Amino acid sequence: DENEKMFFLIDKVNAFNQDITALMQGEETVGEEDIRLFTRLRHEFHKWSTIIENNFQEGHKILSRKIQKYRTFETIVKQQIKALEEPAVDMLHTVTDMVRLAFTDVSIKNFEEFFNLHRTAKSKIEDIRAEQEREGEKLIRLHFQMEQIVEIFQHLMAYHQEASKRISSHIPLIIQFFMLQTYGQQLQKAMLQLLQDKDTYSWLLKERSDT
């Protein structure tokens, strides 16, 4: 029956989507010395937090060296904030890569006996990545644009600390939102779309025994 194919496909798509959801919620099944995506992301954000602290302490010592002598002074705090922008974007890319690999490994676990479905899954994984990574980057860079709005040593290092604190938390937040949560949700929706064209069901369900 046409209807039997449809329901088999609903099942395959829906089990894949359940696996993507577990990934998005930090609760996927993993191996003994393996590690969960969510932990991999968290380690990366701890790294971010160490970078931010390196950056604050260097700014501390630069500002000291110039204060041994005003808009010349604030330029150095703002250039110190600015120096986090490309590392912020670098971390966007490294987090995206690990999410993309986890999603691809889910395609593999679910669709390794249906190569046309695995190929189609992967193609959505790449399309959505491109779109969300563009948007992710956009908002990271807007945040740094925003940050560029702010005896004097205390007024400036108080503002350096503030900026450093916002960056520390907000960049990870943006990255998770776009590159795990939105990426994941949109992938699930792009897979459910495969149910629209019932003339493609037989191709999606083609098995290895007859390729």
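Don't overthink the numbering: it's just position in the shown sequence, from 1.
The entry models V150 and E151 with a gap of 10 or more deposited residues left without coordinates. Mean C-alpha B-factor is higher over 111-119 than over the other stretch, the pair under comparison being 82-90 and 111-119. Between 18-26 and 195-203, it is 195-203 that carries the larger average Cα temperature factor according to the deposited entry. Comparing the listed residues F45, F177, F144, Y159, the entry records the largest Cα B-factor for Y159. If you compare the C-alpha temperature factors of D105, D127, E74, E133 in the entry, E74 comes out highest. For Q186, the recorded CA temperature factor ranks within the lowest third of the chain's modelled residues. Annotation for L41: C-alpha temperature factor in the middle third relative to the rest of the modelled chain, per the entry.
Per-chain ranking of the deposited C-alpha B factor places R166 in the middle third. Among all modelled residues in its chain, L173 ranks in the lowest third by Cα B-factor.
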